[PDB]
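Q: Pasting in a structure now, in structure tokens, and then I'll have a few things to ask.
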Amino acid sequence: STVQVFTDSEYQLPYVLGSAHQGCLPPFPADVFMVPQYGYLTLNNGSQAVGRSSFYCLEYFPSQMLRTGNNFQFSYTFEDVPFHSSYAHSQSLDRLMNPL
Amino acid sequence: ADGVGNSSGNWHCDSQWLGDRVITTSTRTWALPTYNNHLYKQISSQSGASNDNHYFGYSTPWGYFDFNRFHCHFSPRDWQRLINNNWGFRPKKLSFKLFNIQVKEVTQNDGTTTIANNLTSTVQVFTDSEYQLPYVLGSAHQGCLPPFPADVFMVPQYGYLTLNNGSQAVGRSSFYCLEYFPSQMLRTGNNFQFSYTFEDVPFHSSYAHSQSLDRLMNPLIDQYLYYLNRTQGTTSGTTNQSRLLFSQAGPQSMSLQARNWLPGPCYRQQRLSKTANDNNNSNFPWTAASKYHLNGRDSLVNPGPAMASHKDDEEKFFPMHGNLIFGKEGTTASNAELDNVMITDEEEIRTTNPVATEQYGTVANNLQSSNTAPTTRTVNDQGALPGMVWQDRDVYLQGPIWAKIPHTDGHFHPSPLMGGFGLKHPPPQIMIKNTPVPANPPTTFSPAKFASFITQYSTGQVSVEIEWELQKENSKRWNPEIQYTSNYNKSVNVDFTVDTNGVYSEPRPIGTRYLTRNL
Amino acid sequence: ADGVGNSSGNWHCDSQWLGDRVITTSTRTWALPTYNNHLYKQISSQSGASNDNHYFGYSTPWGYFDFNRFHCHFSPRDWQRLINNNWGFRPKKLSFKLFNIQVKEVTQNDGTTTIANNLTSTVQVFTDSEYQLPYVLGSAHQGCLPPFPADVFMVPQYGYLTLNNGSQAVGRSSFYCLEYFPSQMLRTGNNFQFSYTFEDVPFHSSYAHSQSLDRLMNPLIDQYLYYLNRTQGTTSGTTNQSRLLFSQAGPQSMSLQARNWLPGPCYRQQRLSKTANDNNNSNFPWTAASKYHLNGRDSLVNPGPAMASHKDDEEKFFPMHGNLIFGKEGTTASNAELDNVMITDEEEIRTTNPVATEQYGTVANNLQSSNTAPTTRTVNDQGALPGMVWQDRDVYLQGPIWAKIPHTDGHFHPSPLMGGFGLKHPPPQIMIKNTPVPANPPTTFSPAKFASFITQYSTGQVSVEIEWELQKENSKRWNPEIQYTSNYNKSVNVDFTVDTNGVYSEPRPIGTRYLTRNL
Amino acid sequence: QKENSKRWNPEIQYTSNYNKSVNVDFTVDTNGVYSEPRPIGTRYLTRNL
Amino acid sequence: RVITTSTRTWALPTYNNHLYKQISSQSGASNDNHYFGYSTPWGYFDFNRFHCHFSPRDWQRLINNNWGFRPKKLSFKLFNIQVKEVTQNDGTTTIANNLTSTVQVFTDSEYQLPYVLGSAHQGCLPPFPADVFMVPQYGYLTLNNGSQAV
Amino acid sequence: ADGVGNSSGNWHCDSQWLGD
């Protein structure tokens, strides 16, 4: 039996990460975890849909099929992003002058 | 050529749009049982069946792979994109791959069933590239790569027919054993590849006509050729006596001009209103249907010649057995209702092809004179005359792609009457089969036929890829054009998607002819 | 590219006869007004017109140049020379030139009118080489380069039709703006050139047949194939009982032989005697005429298939709407007399093509037996059968030269039914127009459409040149042949010349088929 | 900028109504006056946020 | 990329009798509808509308297959220029050629004159190529303290 | 690309602190 795996490098499927959902690599390395299920939303007019709504079939993507013995690799480079400010301020906006 | 833990091939699918061609590839999962218990079986029609529904042939233990439908290759978005920007297209190249093959044994000891792996079992596969076995594709049969990539499908069984004199056979009949062909045997780890090139074929006309045969002239300038317009006398006192008079046809008398061409050939069919109560109250089909008979047995022309469905402002009448009818999702195959089917319309060819319900015209059939007045006759069946120009039947996202032109001495227009491209050497039929694995033999030798095999089936992945050439449109029309769109109105579910139960459906037929051209 | 006092191009005319080809060139003077006041106008048929005489389209401010007639290129002496020595011909190359262009302004202040030069005004001209605008040539319209070189002619106005549902239009209809094309603007001093090459086309058969289909055998030797010639008994006492008897067909029973080919397809038409009193006393045309209808509206087959006008020794009957009818000089275009027109005869094809007034033959239509005698039916409409051989319609000095084969999926015999050579890419349409010159604008800006132009027209010289290939005759006939000649008898005026009032006339039609060949 | 969308079902697009009409859209009338019947916007294809 | 080109015919009268005229709002107008500026004898060319460049078929083709677009390059040409003199002696009018008369044209490439385009004004190259159009007159506004100037 | 009795990849975990 095979297993299918693929990465959406062109950002065509809806991005459901970054919504504070459950199911990332447990904090303790010894814990065995469960792969969450995928799903997405689209435009809706009430409980129904509209013609502008989209349907995505994930079998319609080039994917790699791998058996026991094969493995999958992936590499990625982040783009330029500002440093996160891991510090507090020793001064204040309203008190930024000479006290003398 | 690998082991049991290495996968052969991958899942590709998707499609690529290049400058002048499009490469459409699709992968599916298939299952395959054993057919006829590894036996070739003779099949005759029946004892006491209808004369027309008679047949003799054989059924084999072999499956075959079918992908002769546009929806088994394209997708609704891809189809809409193709038809909304192109004046034509045709196939160029073909690639086929079978991989990730598993043979699974089945055991039954009680109400329950157990399935296990069988790594040493092979599978036979071969392609009839020399076109020696009968070609059963192109007959609008079931079982091609389901339109939705996620669907797992079943390999249909193979069978063929031969000459028959009633329910029996004749010495001229042929028997083909498919084990009598060089075939490739492959286990879990091996895979099968195949490549093919289509031959030259005319582009399919994916456009309508902005002009008409009968209106192809200048609406401002008279003709310089005279035509007889009156037989009586125009002057006073001669209105009751014969006198030939000739006029010139202009924009007003636009129906009496001279012309170069004639509309396509006709083969009249009966008409039906989409409203049940407006039709005759009888079971007229097969008793009032345009049918042709050969070798003493009848047959029905379902598609028939490419002819317009209805006139202008009709939108309610369709010919009986004159256009393709598709089924909606979850529809019974026997005696379905009118609202549960999908009747295709071929009105786009009203400009060139004659309407199917009406006639070709009238022809004089006597020698008029002083004593006898002229008499004409309506003609409903028309052959081919010089100067005839016509258009072919449109193809649809769910319709057939190609067919095999019969190897005969004569052809008139080898374009299939059901659909698209006719090919002398079409894509060959790939046949696949499970080799029989004997059960424990008797300890003492017996010459009897071995008829105790191990029950098992097979599954795998099949990839197809077709490269298609495209013809771009360069029209000088000023105003916008008509194109395919999705309705923006609110709906419970969107078109060409899955419902809450995960069943894929196709709501309407889609035809290619949307852009326009001048005659 | 010159000034106002330098002439562009010269007056060439004349023709050159080379070994295997003839170059025919002709120059004329043309005038051009402004059409529709520089406006595109929608044109619908009418409110309450006949259903068949319905049409929707547009009329533009553009003119176009027509030279699609033999008399607009050849001359009577050249035509007679061509047809009296050649077995065929076809076009090879084309050259077109516009020069000596003047734009003249017109002023009206009273009953008198004044015309002045306008050196700064341009003229637009362009050729539709990509065949995107509707092709209105080849519809036997008026306005090609008059047969006499000294005549000054007028550029016809351009207009086109589109799909119509009654008098209205449909969304599939197209609108073409001719200002939306790259066009060349030229003043007094500039000139326009154009060259074109015809595609491969069959030679036109400028000959008759010295043999016949039904008489193509040896008049001295019997056939070795037997044919049923008697069903009763020849011997005494058996003349009243059935007995099949077979004979061999020889020179005597020459109508019962075996043959290889059949006459061309037929489409019967009514017959008319040239004597008025011999015809029926009714207004039968359009009610007893062979007509074809499409999209629910009728239309008349004026030329129809190429079929012989009459039998031998008839010389008095012609089919209704079965041959081209030309007009004599100074003849009314509405209800002209029989003696004021010129009916062409196509008897030369009696050998191969069936006569138009009569039928194709008879076919058995029942199963004869002892109880029921055999019955046959006459067939007046015949399609295409294997082994059919026919001949095309002749062309005339005043007839059309070519036509545009419609861009469709199917064709049977693309030879136009009205005339000569059918071309997928015919000579493109050259369109010419006068640019609008505004009158004095208002001092205060106004966004309203500018509808106050200066009235003016244009004039110039147009040269055309076609190189034609010729097929020479090499016949083994001993006795002389039939050829075209001028009658030597005394006459007030000679044929194909000008009268005392300087009006050029054509007395009779001239056909190409004068030499002979064996089938 | 070309579109490369993974949407399965078809999309909404601009079209001309096929129904019969006295005059077609974006053309001249019998008096030779050009008219524009409706506004046309560019946004017809779709994308994910 | 797509290259869209269009040609039109234009007419041009004389504005303000070759005079620069000061224009104030009015005496007694609304406070909000106040303005001070000048009107010149100069025309200007406007093509700042899509229908003055594209066509319905081209527009539909562009919007049905693309996720975006933007302008890249521009070319502009004026030619076939005729200056015509007008004479009035009665109810009738006569128009004649004037070959020696010139026409002035210039482009404000340094952006020094006020920019009046982009205000949804009338007078760009009519949507139909066959239409002949009229060059609008130029004028501009400046600071005003009521109906007066500063 | 291996058989059924050969492991792909190993268990790495841990972290490395470099200069920057």
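Ligands are numbered from 1 in the order shown, chains are lettered A, B, ... in the order of the structure tokens, and residues start at 1 in each chain.
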Residues within 12 Å of stretch 39-43 of chain E, please, as a VMD selection string. Count only C-alpha atoms; anything in the same chain fewer than 5 positions from it doesn't count.
A: (chain C and resid 443 to 445) or (chain E and resid 10 to 24 103 to 107 116 123 134 to 142)
Q: Give the residues of chain E that lie within 10 Å of chain B; count only C-alpha atoms, and format the answer as a list in words.
A: residues 55, 56, 57, 58, 59, 60, 61, 64, 65 and 128 of chain E
Q: Which residues are near residue A:47? Cut-off 12 Å, only C-alpha atoms, ignore same chain within fewer than 5 positions. Put them as number ranges by chain.
A: A: 41-42; B: 490-493
Q: By how many Å are atom CA of residue C:272 and atom CA of residue B:362 apart?
A: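 Computing the Euclidean distance for atom CA of residue C:272 and atom CA of residue B:362 yields 17.9 Å.
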Q: Return as a list in words the residues belonging to chain E that are within 6 Å of chain D, counting only C-alpha atoms.
A: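 For chain E, the answer reads residues 63, 64, 66, 67, 68 and 69 of chain E.
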Q: Which residues of chain D are close to chain C, meaning at most 6 Å apart when you count only C-alpha atoms, and how do they look as a PyMOL selection string?
A: chain D and resi 17-18+20-23+29-32
Q: Just write the chosen residues, N, CA, C and O atoms, as a compact mmCIF listing (two decimals), in the first residue's frame.
A:
# COMPACT_ATOMS: atom_id res chain seq x y z
N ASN D 17 -26.13 38.10 -24.05
CA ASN D 17 -27.35 37.32 -23.98
C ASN D 17 -27.71 36.79 -25.37
O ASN D 17 -27.71 37.54 -26.35
N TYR D 18 -28.02 35.50 -25.45
CA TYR D 18 -28.36 34.88 -26.72
C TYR D 18 -29.79 35.17 -27.17
O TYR D 18 -30.12 34.93 -28.33
N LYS D 20 -33.25 36.74 -28.53
CA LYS D 20 -33.52 37.62 -29.66
C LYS D 20 -33.72 39.05 -29.19
O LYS D 20 -34.32 39.31 -28.14
N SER D 21 -33.21 40.00 -29.97
CA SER D 21 -33.31 41.41 -29.64
C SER D 21 -33.40 42.23 -30.92
O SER D 21 -32.94 41.80 -31.98
N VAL D 22 -33.99 43.42 -30.80
CA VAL D 22 -34.11 44.30 -31.96
C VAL D 22 -32.73 44.72 -32.45
O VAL D 22 -32.46 44.71 -33.66
N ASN D 23 -31.84 45.09 -31.54
CA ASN D 23 -30.47 45.45 -31.88
C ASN D 23 -29.53 44.80 -30.88
O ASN D 23 -29.88 44.60 -29.71
N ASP D 29 -27.33 51.84 -34.08
CA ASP D 29 -28.74 51.63 -34.38
C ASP D 29 -29.01 52.05 -35.82
O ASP D 29 -28.10 52.35 -36.59
N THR D 30 -30.29 52.07 -36.21
CA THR D 30 -30.65 52.46 -37.57
C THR D 30 -30.24 53.90 -37.88
O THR D 30 -30.09 54.25 -39.05
N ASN D 31 -30.07 54.73 -36.85
CA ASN D 31 -29.65 56.11 -37.03
C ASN D 31 -28.15 56.30 -36.91
O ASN D 31 -27.67 57.44 -36.94
N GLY D 32 -27.39 55.22 -36.77
CA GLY D 32 -25.95 55.32 -36.67
C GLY D 32 -25.45 56.00 -35.42
O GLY D 32 -24.55 56.85 -35.49
Q: Can you work out the spacing between atom CA of residue C:192 and atom CA of residue C:464 in Å, to one decimal?
A: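 Going from atom CA of residue C:192 over to atom CA of residue C:464, I get 11.9 Å.
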Q: Considering only C-alpha atoms, extract the chain D residues located within 7 Å of chain A and return them as a list in words.
A: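 Result: residues 5, 6, 7, 8, 9, 12 and 48 of chain D.
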Q: Write the residues of the selection above to a file with N, CA, C and O atoms, as a PDB file, in the first residue's frame.
A:
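Heads up, here's the output in out_32.pdb:
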ATOM      1  N   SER D   5      -5.472  29.100 -11.513  1.00  0.00           N
ATOM      2  CA  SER D   5      -6.338  28.741 -10.403  1.00  0.00           C
ATOM      3  C   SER D   5      -6.569  27.240 -10.402  1.00  0.00           C
ATOM      4  O   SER D   5      -6.634  26.609 -11.462  1.00  0.00           O
ATOM      5  N   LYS D   6      -6.682  26.677  -9.203  1.00  0.00           N
ATOM      6  CA  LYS D   6      -6.907  25.254  -9.009  1.00  0.00           C
ATOM      7  C   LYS D   6      -8.375  24.922  -8.800  1.00  0.00           C
ATOM      8  O   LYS D   6      -8.704  23.779  -8.462  1.00  0.00           O
ATOM      9  N   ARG D   7      -9.256  25.894  -8.997  1.00  0.00           N
ATOM     10  CA  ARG D   7     -10.686  25.656  -8.902  1.00  0.00           C
ATOM     11  C   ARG D   7     -11.101  24.557  -9.870  1.00  0.00           C
ATOM     12  O   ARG D   7     -10.660  24.520 -11.021  1.00  0.00           O
ATOM     13  N   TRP D   8     -11.948  23.646  -9.395  1.00  0.00           N
ATOM     14  CA  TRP D   8     -12.438  22.551 -10.226  1.00  0.00           C
ATOM     15  C   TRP D   8     -13.605  22.994 -11.103  1.00  0.00           C
ATOM     16  O   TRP D   8     -13.541  22.888 -12.331  1.00  0.00           O
ATOM     17  N   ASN D   9     -14.670  23.499 -10.486  1.00  0.00           N
ATOM     18  CA  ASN D   9     -15.865  23.862 -11.225  1.00  0.00           C
ATOM     19  C   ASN D   9     -15.604  25.081 -12.107  1.00  0.00           C
ATOM     20  O   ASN D   9     -14.645  25.822 -11.891  1.00  0.00           O
ATOM     21  N   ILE D  12     -17.401  32.217 -13.340  1.00  0.00           N
ATOM     22  CA  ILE D  12     -18.327  33.213 -13.867  1.00  0.00           C
ATOM     23  C   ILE D  12     -17.564  34.127 -14.812  1.00  0.00           C
ATOM     24  O   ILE D  12     -16.435  34.538 -14.520  1.00  0.00           O
ATOM     25  N   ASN D  48      -8.237  33.054  -3.610  1.00  0.00           N
ATOM     26  CA  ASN D  48      -8.351  32.849  -2.175  1.00  0.00           C
ATOM     27  C   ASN D  48      -7.617  33.955  -1.428  1.00  0.00           C
ATOM     28  O   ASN D  48      -6.566  34.432  -1.864  1.00  0.00           O
TER      29      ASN D  48
END
Q: Find the residues of chain B that sit at most 9 Å from chain A; for each, write down the nearest two atoms and how far apart they are in Å, to one decimal. Count only C-alpha atoms. Sort by chain, then by number going up, and give it as JSON lines.
A:
{"residue": "B:4", "atom": "CA", "partner": "A:67", "partner_atom": "CA", "distance": 8.6}
{"residue": "B:5", "atom": "CA", "partner": "A:68", "partner_atom": "CA", "distance": 5.1}
{"residue": "B:6", "atom": "CA", "partner": "A:67", "partner_atom": "CA", "distance": 5.7}
{"residue": "B:7", "atom": "CA", "partner": "A:67", "partner_atom": "CA", "distance": 5.7}
{"residue": "B:8", "atom": "CA", "partner": "A:65", "partner_atom": "CA", "distance": 8.4}
{"residue": "B:9", "atom": "CA", "partner": "A:65", "partner_atom": "CA", "distance": 7.6}
{"residue": "B:10", "atom": "CA", "partner": "A:65", "partner_atom": "CA", "distance": 5.2}
{"residue": "B:11", "atom": "CA", "partner": "A:63", "partner_atom": "CA", "distance": 5.0}
{"residue": "B:12", "atom": "CA", "partner": "A:62", "partner_atom": "CA", "distance": 4.0}
{"residue": "B:13", "atom": "CA", "partner": "A:60", "partner_atom": "CA", "distance": 5.6}
{"residue": "B:14", "atom": "CA", "partner": "A:60", "partner_atom": "CA", "distance": 5.6}
{"residue": "B:26", "atom": "CA", "partner": "A:60", "partner_atom": "CA", "distance": 7.9}
{"residue": "B:27", "atom": "CA", "partner": "A:60", "partner_atom": "CA", "distance": 8.6}
{"residue": "B:100", "atom": "CA", "partner": "A:2", "partner_atom": "CA", "distance": 7.9}
{"residue": "B:102", "atom": "CA", "partner": "A:1", "partner_atom": "CA", "distance": 8.1}
{"residue": "B:148", "atom": "CA", "partner": "A:57", "partner_atom": "CA", "distance": 8.4}
{"residue": "B:149", "atom": "CA", "partner": "A:59", "partner_atom": "CA", "distance": 5.8}
{"residue": "B:150", "atom": "CA", "partner": "A:59", "partner_atom": "CA", "distance": 5.9}
{"residue": "B:486", "atom": "CA", "partner": "A:51", "partner_atom": "CA", "distance": 6.0}
{"residue": "B:487", "atom": "CA", "partner": "A:51", "partner_atom": "CA", "distance": 5.6}
{"residue": "B:488", "atom": "CA", "partner": "A:51", "partner_atom": "CA", "distance": 4.3}
{"residue": "B:489", "atom": "CA", "partner": "A:50", "partner_atom": "CA", "distance": 6.1}
{"residue": "B:490", "atom": "CA", "partner": "A:50", "partner_atom": "CA", "distance": 4.4}
{"residue": "B:491", "atom": "CA", "partner": "A:49", "partner_atom": "CA", "distance": 5.3}
{"residue": "B:492", "atom": "CA", "partner": "A:48", "partner_atom": "CA", "distance": 4.6}
{"residue": "B:493", "atom": "CA", "partner": "A:49", "partner_atom": "CA", "distance": 6.0}
{"residue": "B:494", "atom": "CA", "partner": "A:51", "partner_atom": "CA", "distance": 6.1}
{"residue": "B:495", "atom": "CA", "partner": "A:51", "partner_atom": "CA", "distance": 7.9}
{"residue": "B:496", "atom": "CA", "partner": "A:55", "partner_atom": "CA", "distance": 8.6}
{"residue": "B:497", "atom": "CA", "partner": "A:55", "partner_atom": "CA", "distance": 6.6}
{"residue": "B:498", "atom": "CA", "partner": "A:55", "partner_atom": "CA", "distance": 8.7}
Q: Select from stretch 303-475 of chain C everything DSSP, run on the backbone, classes as strand (DSSP E or B), then give the selection as a VMD selection string.
A: chain C and resid 308 317 to 319 325 to 327 336 341 to 343 355 361 to 364 376 to 379 381 to 382 388 to 389 396 400 402 to 404 410 to 411 421 to 423 430 to 434 438 453 456 to 472
Q: Quick one: DSSP helix (DSSP H, G or I) residues in stretch 3-96 of chain C, as a PDB file with N, CA, C and O atoms, in the first residue's frame?
A:
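To be explicit, this is the file written out as states_39.pdb:
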ATOM      1  N   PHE C  70     -15.662  38.067 -66.277  1.00  0.00           N
ATOM      2  CA  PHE C  70     -14.732  37.900 -67.386  1.00  0.00           C
ATOM      3  C   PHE C  70     -14.725  39.125 -68.292  1.00  0.00           C
ATOM      4  O   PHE C  70     -13.661  39.556 -68.750  1.00  0.00           O
ATOM      5  N   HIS C  71     -15.898  39.704 -68.565  1.00  0.00           N
ATOM      6  CA  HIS C  71     -15.948  40.873 -69.435  1.00  0.00           C
ATOM      7  C   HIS C  71     -15.298  42.094 -68.794  1.00  0.00           C
ATOM      8  O   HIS C  71     -14.934  43.031 -69.510  1.00  0.00           O
ATOM      9  N   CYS C  72     -15.136  42.102 -67.468  1.00  0.00           N
ATOM     10  CA  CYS C  72     -14.376  43.157 -66.807  1.00  0.00           C
ATOM     11  C   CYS C  72     -12.873  42.962 -66.969  1.00  0.00           C
ATOM     12  O   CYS C  72     -12.107  43.843 -66.565  1.00  0.00           O
ATOM     13  N   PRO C  76     -13.929  40.852 -76.444  1.00  0.00           N
ATOM     14  CA  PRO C  76     -14.565  39.870 -77.339  1.00  0.00           C
ATOM     15  C   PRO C  76     -13.586  39.155 -78.253  1.00  0.00           C
ATOM     16  O   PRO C  76     -13.671  37.931 -78.407  1.00  0.00           O
ATOM     17  N   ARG C  77     -12.642  39.881 -78.855  1.00  0.00           N
ATOM     18  CA  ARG C  77     -11.642  39.233 -79.695  1.00  0.00           C
ATOM     19  C   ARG C  77     -10.748  38.323 -78.864  1.00  0.00           C
ATOM     20  O   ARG C  77     -10.469  37.184 -79.256  1.00  0.00           O
ATOM     21  N   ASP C  78     -10.291  38.808 -77.707  1.00  0.00           N
ATOM     22  CA  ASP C  78      -9.456  37.979 -76.844  1.00  0.00           C
ATOM     23  C   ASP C  78     -10.215  36.752 -76.360  1.00  0.00           C
ATOM     24  O   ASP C  78      -9.660  35.651 -76.308  1.00  0.00           O
ATOM     25  N   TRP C  79     -11.484  36.923 -75.988  1.00  0.00           N
ATOM     26  CA  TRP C  79     -12.278  35.790 -75.526  1.00  0.00           C
ATOM     27  C   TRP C  79     -12.443  34.755 -76.631  1.00  0.00           C
ATOM     28  O   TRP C  79     -12.240  33.553 -76.413  1.00  0.00           O
ATOM     29  N   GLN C  80     -12.797  35.209 -77.835  1.00  0.00           N
ATOM     30  CA  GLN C  80     -12.962  34.291 -78.956  1.00  0.00           C
ATOM     31  C   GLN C  80     -11.658  33.568 -79.262  1.00  0.00           C
ATOM     32  O   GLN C  80     -11.659  32.370 -79.565  1.00  0.00           O
ATOM     33  N   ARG C  81     -10.536  34.285 -79.202  1.00  0.00           N
ATOM     34  CA  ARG C  81      -9.240  33.657 -79.426  1.00  0.00           C
ATOM     35  C   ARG C  81      -8.942  32.615 -78.357  1.00  0.00           C
ATOM     36  O   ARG C  81      -8.417  31.538 -78.657  1.00  0.00           O
ATOM     37  N   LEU C  82      -9.267  32.921 -77.101  1.00  0.00           N
ATOM     38  CA  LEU C  82      -9.000  31.986 -76.014  1.00  0.00           C
ATOM     39  C   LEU C  82      -9.818  30.712 -76.160  1.00  0.00           C
ATOM     40  O   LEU C  82      -9.294  29.608 -75.975  1.00  0.00           O
ATOM     41  N   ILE C  83     -11.104  30.839 -76.487  1.00  0.00           N
ATOM     42  CA  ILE C  83     -11.984  29.673 -76.465  1.00  0.00           C
ATOM     43  C   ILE C  83     -11.877  28.826 -77.725  1.00  0.00           C
ATOM     44  O   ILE C  83     -12.303  27.665 -77.713  1.00  0.00           O
TER      45      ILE C  83
END
Q: For residue B:307, list every protein, DNA or RNA residue within 12 Å, evaluated using only C-alpha atoms, and leave out those in the same chain fewer than 6 positions away; present the list as a PyMOL selection string.
A: (chain B and resi 263-269+318-319+321-323+345-360+390-394+417) or (chain C and resi 294-295)
